[PDB]
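Colleague: This is the structure I have questions about; it appears just below.
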Amino acid sequence: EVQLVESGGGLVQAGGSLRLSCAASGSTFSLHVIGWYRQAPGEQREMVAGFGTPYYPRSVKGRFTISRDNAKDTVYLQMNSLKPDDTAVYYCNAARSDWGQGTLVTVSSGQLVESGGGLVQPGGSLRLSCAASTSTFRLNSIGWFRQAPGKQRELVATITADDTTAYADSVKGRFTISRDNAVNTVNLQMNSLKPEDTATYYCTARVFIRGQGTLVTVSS
């Protein structure tokens, strides 16, 4: 088989920009010039970029831009002027000629510290919670990152100043998120963990700031 890996998932405020990345490896020649795809929970799979000359949907035309690098097996997507319809898990390409883990991207519609962590089997019913300077109106766009030592940042869940929730395909159905309106903290369920999930977890992403980071392991 051929392997695809997406990376670059961010939670951003509207009008912001991103670069998605997709690194490939497989059994055939070093360059295959092909595209990008996405999915939001209220939507099916959708083409984002690709093909013999490049193509973009009307919904992203002029905003998203594909590019490629040949020395390092990476294909990219500049994404300018992000919008709350662009909150989606972005996927790279058909496996051969009809498949990656999926990278969550979220766009928000409107002294850091975390708690929880530990060691688990066979997984579920945890109380990770993120908690800093709770009282004074600090309630901002938020989500939980995770990182294992080799591979890069992966966004798994998101919340914001409103109770609206979205997840990564890596965790969909298994993770779950909520926020307390009096304690002003956000919680992560972490149901039915799998060894692939062992990572240190972080709570924040962008400027007005990093988390403490807390390790979850599941060894059994």
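Chain labels run A, B, ... following the order of the structure tokens; each chain numbers its residues from 1, and ligands are numbered from 1 in the order shown.
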Give the strand (DSSP E or B) residues of segment 40-187 of chain A, as DSSP finds them on the backbone, and put them as a PyMOL selection string.
Modeller: chain A and resi 46-50+55+64-69+74-79+88-91+103-108+114-115+118-119+128-130+142-147+154-159+166-167+177-179+186-187
Colleague: Check the smallest atom-to-atom distance from each of A:137, A:162, A:18, A:92 to residue 78 of chain A using only C-alpha atoms, then report the winner.
Modeller: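 With only C-alpha atoms as the atom set, the closest residue is A:18.
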Colleague: Tell me which of A:93, A:70, A:219, A:101 sits closest to residue 156 of chain A, counting only C-alpha atoms.
Modeller: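 Among the listed residues, A:101 lies closest to residue 156 of chain A.
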Colleague: Point out the residue among A:216, A:142, A:130, A:161 with the least atom-to-atom distance to residue 117 of chain A, counting only C-alpha atoms.
Modeller: A:216
Colleague: Write out as a PDB file with N, CA and C atoms, in the first residue's frame the residues lying within 10 Å of residue 85 of chain A, counting only C-alpha atoms and excluding same-chain residues fewer than 4 positions away.
Modeller:
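Everything below was put into selection-v7.pdb:
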```
ATOM      1  N   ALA A  40     -16.718  18.515   6.813  1.00  0.00           N
ATOM      2  CA  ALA A  40     -17.298  19.057   8.035  1.00  0.00           C
ATOM      3  C   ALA A  40     -18.432  18.152   8.507  1.00  0.00           C
ATOM      4  N   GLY A  42     -21.467  18.492   9.317  1.00  0.00           N
ATOM      5  CA  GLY A  42     -22.696  18.705   8.587  1.00  0.00           C
ATOM      6  C   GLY A  42     -22.604  18.443   7.105  1.00  0.00           C
ATOM      7  N   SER A  59     -16.396  27.531  -3.769  1.00  0.00           N
ATOM      8  CA  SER A  59     -16.466  27.873  -2.355  1.00  0.00           C
ATOM      9  C   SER A  59     -15.114  28.258  -1.769  1.00  0.00           C
ATOM     10  N   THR A 106     -10.256  24.025  12.352  1.00  0.00           N
ATOM     11  CA  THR A 106     -11.406  24.712  12.922  1.00  0.00           C
ATOM     12  C   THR A 106     -11.224  26.218  12.798  1.00  0.00           C
ATOM     13  N   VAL A 107     -12.331  26.906  12.531  1.00  0.00           N
ATOM     14  CA  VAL A 107     -12.365  28.358  12.393  1.00  0.00           C
ATOM     15  C   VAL A 107     -13.480  28.881  13.289  1.00  0.00           C
ATOM     16  N   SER A 108     -13.179  29.885  14.109  1.00  0.00           N
ATOM     17  CA  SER A 108     -14.004  30.161  15.273  1.00  0.00           C
ATOM     18  C   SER A 108     -15.063  31.198  14.886  1.00  0.00           C
ATOM     19  N   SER A 109     -16.290  30.983  15.360  1.00  0.00           N
ATOM     20  CA  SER A 109     -17.404  31.900  15.165  1.00  0.00           C
ATOM     21  C   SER A 109     -17.589  32.849  16.342  1.00  0.00           C
TER      22      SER A 109
END
```
Colleague: Just checking: using only C-alpha atoms, which residue out of A:74, A:91, A:20, A:122 ends up closest to residue 45 of chain A?
Modeller: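 For residue 45 of chain A, the nearest of the given residues is A:91.
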Colleague: With distances taken over only C-alpha atoms, which of A:187, A:212, A:134, A:28 is nearest to residue 158 of chain A?
Modeller: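 That would be A:187, the residue with the smallest distance to residue 158 of chain A.
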